[PDB]
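Chemist: Sequence plus experimental coordinates follow:
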2 protein chains.
Amino acid sequence: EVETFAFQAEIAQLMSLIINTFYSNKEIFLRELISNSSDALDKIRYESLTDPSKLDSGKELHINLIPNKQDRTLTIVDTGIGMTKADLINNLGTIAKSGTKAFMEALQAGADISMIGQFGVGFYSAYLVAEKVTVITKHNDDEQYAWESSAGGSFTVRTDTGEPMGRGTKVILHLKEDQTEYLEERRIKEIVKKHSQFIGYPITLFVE
Amino acid sequence: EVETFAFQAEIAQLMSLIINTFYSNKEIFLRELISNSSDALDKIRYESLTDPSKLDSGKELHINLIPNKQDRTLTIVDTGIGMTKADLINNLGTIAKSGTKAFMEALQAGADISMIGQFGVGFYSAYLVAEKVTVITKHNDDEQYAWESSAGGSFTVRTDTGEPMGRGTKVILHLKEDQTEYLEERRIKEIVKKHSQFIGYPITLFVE
Ligand SMILES: CCNC(=O)c1noc(-c2cc(C(C)C)c(O)cc2O)c1-c1ccc(CN2CCOCC2)cc1
Ligand SMILES: CCNC(=O)c1noc(-c2cc(C(C)C)c(O)cc2O)c1-c1ccc(CN2CCOCC2)cc1
């Protein structure tokens, strides 16, 4: 049922850095995730240009932000290309080993955490505000899976049997106790207007 | 031998905008191209993780900037994944129709040209300083081609028989008469230090 994997040593080191380094500008985590969703949404667009049947799993390309104060989660859903089990296991489709190399090296030469995404490892900025992150994903070439980690050197991957989503990725952020501002309508609007104003797909902020 | 294609109406409109709009900050064009090269270099890295034989066409991943004052060209070569003829014809691998949509719409709502790359059409910023742009490209799954355009609503694609490059892309900028500062060692250093300091691959500035 549940498979458990060790993070590579560098990712495990990146995550510990993210979690442990005092750094107040935690809000960038949302920009980095909406920017991954946009990327994943570009890819399915690009693919559907030459093969229109790639969109049979959903023709709408968009991003939804869904807070839930009862569960203490913020969830970014996109109808992008999604990831295959292989992609999930190989660091969620990213060049994360060499990306963390570059990033640590940049951190040496005068970069701050907010720059994480120029190394292609922006996803991990989720650990700025979340204590567990769950990624449900569905790519056309594969079944639906859920990747999950509370950091600590390991992640899990299982097949997901709850709500088929048809196509895309859902990043559920189980927020830290003291990071619940990110569940506020007003606070999320502010960050999307500030950091993600010019994204080429609709972003819908759901209400509770 | 030479095939000739019409730009889609929007790209042709984007290019005319780029060429015709007074906008002094022309130097961003280099950031946008080094950033495409980095992206193309990420992709071959990601692919080679699971299939190491993808690197048989070259194991070095890097970017070279090569001015030539005699020919009045600046050339950005990368050993990235390269593009197939299909990719070249379909707007150099980009979602350019909807990207230009997004960009024009952003330009409405208060964005400037320097933001072009957040819509995935940064390549065309080459027309800020170049009167012709030639792209030689080689992907593992295809032969070597040269795409070329002086704008004006059409591009050409031929197969390239000069210097096999093994794998990657070469963007040759035939610079405009009054844009030759971009051929100066000092000026290029300045722009790379300013806009592209934290790129995860070596950038080599060649000397004349
Ligand atoms: C290759 C086939 N699929 C995908 O690329 C894909 N589908 O869904 C993706 C999403 C991934 C993330 C995180 C988990 C990496 C999201 O937050 C949202 C997505 O939609 C997603 C994806 C999107 C972005 C990235 C990271 N980029 C960052 C810059 O380097 C290249 C890769 C990795 C994966
Ligand atoms: C899909 C298989 N190949 C590639 O993606 C590829 N190989 O070489 C690429 C380069 C492209 C450009 C311009 C011509 C688009 C470069 O300037 C440099 C490259 O190395 C290149 C490429 C790199 C970037 C882009 C544009 N990005 C921009 C953001 O949206 C997604 C696509 C398009 C193509």
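Modeler: Happy to help now that I have it. Residues are numbered from 1 along each chain as shown, chains lettered A, B, ... in the order given. Ligands and ions are numbered 1, 2, ... in the order given.
Chemist: Can you mark which positions in stretch A:177-190 are buried?
Modeler: A:179, A:182-183, A:188 (16 or more other Cβ atoms under 10 Å in any protein chain shown). Backbone N, C-alpha and C define where each C-beta goes, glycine included.
Chemist: Could you dump the residues you listed into a markdown table with secondary structure and distance to ligand 2 added?
Modeler: What follows is the buried residues of stretch A:177-190, written out as a markdown table (DSSP: H, G, I helix; E, B strand; the rest coil; distance: Cβ to the nearest ligand atom, whole Å):
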| residue | secondary structure | distance to ligand 2 |
| --- | --- | --- |
| A:179 | coil | 31 |
| A:182 | helix | 27 |
| A:183 | helix | 31 |
| A:188 | helix | 25 |
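Chemist: For chain A, which segments count as helices?
Modeler: Applying DSSP state H to chain A gives helices spanning A:9-20, A:28-50, A:85-89, A:96-108, A:185-195.
Chemist: what angle sits between the second one and helix A:185-195?
Modeler: Yep, that's helix A:28-50 we're talking about. Put simply, helix A:28-50 runs at 60 degrees to helix A:185-195, going by axes from the mean of the first three to the mean of the last three Cα atoms, to 10 degrees.
Chemist: Any part of helix A:28-50 near ligand 2?
Modeler: Yes - with Cβ under 6 Å from any ligand atom as the criterion, ligand 2 is reached by helix A:28-50 at residue A:42.
Chemist: That helix versus helix B:96-108: what angle between them?
Modeler: For helix A:28-50 against helix B:96-108, the angle by the same axes, to 10 degrees is 140 degrees.
Chemist: what's the answer for the first one, then?
Modeler: Using the same axes, to 10 degrees, the interaxial angle of helix A:9-20 with respect to helix B:96-108 works out to 20 degrees.
Chemist: ok, what's across the strand from residue A:170?
Modeler: Residue A:170 has these beta-bridge partners by DSSP bridges: residue A:77, residue A:136.
Chemist: Hmm, residue A:133 and it touching each other?
Modeler: No - the criterion here is Cβ atoms under 8 Å, and residue A:170 misses it with residue A:133 at 10.9 Å.
Chemist: Which one of the helices of chain A lies nearest to residue A:121?
Modeler: Evaluated with Cβ to Cβ, the helices of chain A place helix A:96-108 nearest to residue A:121, the distance being 4.2 Å.
Chemist: how about the closest residue to residue A:27 other than its chain neighbours, what does it touch?
Modeler: The shortest distance from residue A:27 to any non-neighbouring residue, by Cβ to Cβ, 6 or more residues apart in numbering or on different chains, is to residue A:191 (5.0 Å). Going by Cβ atoms under 8 Å, 6 or more residues apart in numbering or on different chains, residue A:191 touches A:27, A:30-31.
Chemist: if I look at residue A:191, how far off is ligand 2?
Modeler: 23 Å (Cβ to the nearest ligand atom, to the nearest Å).
Chemist: ditto for residue A:190
Modeler: Residue A:190 sits at a distance of 26 Å from ligand 2 (criterion: Cβ to the nearest ligand atom).
Chemist: ok, now residue A:6?
Modeler: Per Cβ to the nearest ligand atom, residue A:6 is found 31 Å from ligand 2.
Chemist: Now do the same contact list for that residue.
Modeler: Counting by Cβ under 8 Å, 6+ apart, residue A:6 makes contact with A:12, A:153-154.
Chemist: out of those, which one sits closest to residue A:85?
Modeler: Residue A:85 has its nearest neighbour among the contacts of residue A:6 in residue A:154, at 16.6 Å by Cβ to Cβ.
Chemist: just to revisit the earlier point, reformat the helices of chain A as JSON lines; add distance to residue B:161.
Modeler: Rendered in JSON lines, the data for the helices of chain A read as follows (distance: least, Cβ to Cβ, whole Å):
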{"stretch": "helix A:9-20", "distance to residue B:161": "43"}
{"stretch": "helix A:28-50", "distance to residue B:161": "27"}
{"stretch": "helix A:85-89", "distance to residue B:161": "37"}
{"stretch": "helix A:96-108", "distance to residue B:161": "34"}
{"stretch": "helix A:185-195", "distance to residue B:161": "47"}
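Chemist: Turn those into a markdown table, including distance to ligand 1.
Modeler: Listed next are these as a markdown table, based on distance: least, Cβ to the nearest ligand atom, whole Å:
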| stretch | distance to ligand 1 |
| --- | --- |
| helix A:9-20 | 12 |
| helix A:28-50 | 3 |
| helix A:85-89 | 5 |
| helix A:96-108 | 7 |
| helix A:185-195 | 15 |
